[PDB]
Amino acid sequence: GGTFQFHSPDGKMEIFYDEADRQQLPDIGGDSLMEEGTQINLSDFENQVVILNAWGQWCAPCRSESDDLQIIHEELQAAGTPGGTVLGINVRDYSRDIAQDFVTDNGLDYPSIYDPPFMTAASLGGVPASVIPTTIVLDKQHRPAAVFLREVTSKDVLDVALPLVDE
């Protein structure tokens, strides 16, 4: 129940979408990583910027990204009620306990969906499921404003995300 279609035919690892070119996602959701049996959906964060981030503890680039994602989350929470959030999608981590301990050991404060088979990839309009990490910045209407198919820094994400909070 969405319209977003992803394309990057020039091999570029970051794509930005002007306001007029933005498309809608379905109400992406799944089981909470930290609270089994409780759903998290985009509609829980209405009017907030959302930084979706696909990650696994098994993934070296995800581990280097972890600190920057925490900074991004803290800055968005303080921006603007919270201005925005990071929302992780935990993938290919087939032991929930291992993923939870990663989150706790690294002091990560943002919520994640527990999605071992990356089912949510079907809703991301053709972003390949093999690209981990992927970060997608959603505007306040939860439309993709930027897609990063690589490890990101807090600087590059907030450059996009912070102006979106104020619009």
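Just count from 1 along the sequence shown to find any residue number.
How much of the deposited sequence is absent from the coordinates between residue 80 and residue 81: none, 1 to 3, 4 to 9, or 10 or more residues? Missing in between: 1 to 3 residues.
Identify the stretch, either 43 to 51 or 58 to 66, whose C-alpha atoms have the larger mean B-factor according to the entry. According to the entry, 58 to 66 carries the higher average C-alpha B-factor.
Please work out which of 135 to 143 and 120 to 128 has the higher mean CA B-factor as recorded in the PDB entry. So the stretch with the higher mean C-alpha B-factor is 120 to 128.
By the recorded C-alpha temperature factor, relative to the other modelled residues in its chain, which third is residue 26 in? Its C-alpha B-factor belongs to the highest third of this chain's values.
Tell me, lowest, middle or highest third: where does the Cα B factor of residue 108 rank within its chain? Highest third - that is where residue 108 ends up once the chain's C-alpha B-factors are sorted.
What third of its chain, lowest, middle or highest, does the C-alpha temperature factor of residue 101 fall into? For residue 101, whose C-alpha B-factor we compare with every modelled residue in the chain, the answer is the middle third.
Taking the values exactly as deposited, rank residue 15 by C-alpha B-factor within its chain and report the matching third: lowest, middle or highest. Middle third - that is where residue 15 ends up once the chain's C-alpha B-factors are sorted.
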